[PDB]
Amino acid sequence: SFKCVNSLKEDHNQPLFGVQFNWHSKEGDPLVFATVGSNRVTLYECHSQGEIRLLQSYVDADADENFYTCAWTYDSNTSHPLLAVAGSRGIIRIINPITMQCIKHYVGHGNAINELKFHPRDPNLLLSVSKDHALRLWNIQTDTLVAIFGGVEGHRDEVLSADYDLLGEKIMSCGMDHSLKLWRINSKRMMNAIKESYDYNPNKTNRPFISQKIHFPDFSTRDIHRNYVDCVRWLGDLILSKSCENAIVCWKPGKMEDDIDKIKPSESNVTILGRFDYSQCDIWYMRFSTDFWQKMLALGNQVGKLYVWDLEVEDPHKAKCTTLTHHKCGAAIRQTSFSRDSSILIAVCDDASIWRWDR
């Protein structure tokens, strides 16, 4: 079980929209997590007796910047951790977490970036989702835009979230148009574009890097939720997604026995395997998270209550729920993050507060 061992508050007093533990931290090193809020990203180290040590922040030059998301990766030659952040300005910043120096930046999205995710098998492939209705896949080793996922049959409104499956062969995205869209990235076209992005060196060529424009998803559905879908994650071949209807739905494209890789773009069926209901969620922009092994699922509500579901059961609908409450924790929890070993759960709130729960 989890016990609340410490709380903290950031000086800006603005909501904290994101929190991510670094799952790429070396053995023996303390557990480190990043928070994003206001025009700032801050790093903290978790220590014994619930101590949370403040390290260093990156503060954006523009006081009007709002960071909405962050994600960790590592430098592909040195293994040193790297941190990517993005928000309202639509600029992806790659930060060296040691010195908090901005190493490089990527621009292209016509609007705010709602989420960043790194590929589970390739530390150089970064996915960004934006208010301009599109997803973008970048290669941060060669600084190239590999592909833009959107267009004529892509999202019709702001994209809120996206996730890669286990092998990083497909992406599921969701947003304000109420839809969930599947984009396969293991096609011959996408694997060739990724290979070409690695061979690109502008000092050694005259051509610009040609980005793929993917106008058609491999699956699309609006039958899961009746409002904006603001968070989606894969659970194997299954999908977990949530709207503002006080529920996380567990579902899969097609009929019960349909294989996810046999699903065609014209597939009109979905199968609901369960729904995890919870209380008091009226506001938009809340994220749920799973731990490294996907044994647990966590989500906070608008009054500081934490729900943790145990996914180590035969079928999704049998998930066991545990609730975590503290008399002082009363603001909306925007995101949670588990440490790689699942021994620590951090929750971040609307009042700039950070809450630590240890098993």
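The first residue of the shown sequence is 1; numbering continues from there.
> On average, which has the higher Cα B-factor in the deposited entry, 267 to 275 or 179 to 187?
Looking at the record's C-alpha B-factors, the answer is 267 to 275.
> If you average the Cα B factors in the entry, which is higher, 5 to 13 or 332 to 340?
Taking the mean B-factor of the alpha carbons in each, 5 to 13 is higher.
> Which has the highest CA B-factor per the PDB entry: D165, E245, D218, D143?
Among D165, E245, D218, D143, the PDB entry lists the largest C-alpha B-factor for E245.
> Out of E158, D261, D230, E115, whose C-alpha atom has the biggest B factor in the entry?
Within the set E158, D261, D230, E115, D261 shows the top C-alpha B-factor.
> Ranking the modelled residues of this chain by C-alpha B-factor as given in the entry, is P120 in the lowest, middle or highest third?
Lowest third, going by the recorded CA B-factors of the chain.
> Lowest, middle or highest third: where is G87 by C-alpha B factor in its chain?
As the PDB entry reports it, the C-alpha B-factor of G87 lands in the lowest third of its chain.
> Which third, lowest, middle or highest, does the CA B-factor of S128 fall in along this chain?
As the PDB entry reports it, the C-alpha B-factor of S128 lands in the lowest third of its chain.
> Taking the values exactly as deposited, rank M100 by C-alpha B-factor within its chain and report the matching third: lowest, middle or highest.
For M100, the deposited C-alpha B-factor lands in the middle third.
> Consider only the C-alpha atoms of the modelled residues in this chain, order them by B-factor as the entry records it, and name the third containing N201: lowest, middle or highest.
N201: CA B-factor falls in the highest third of its chain.
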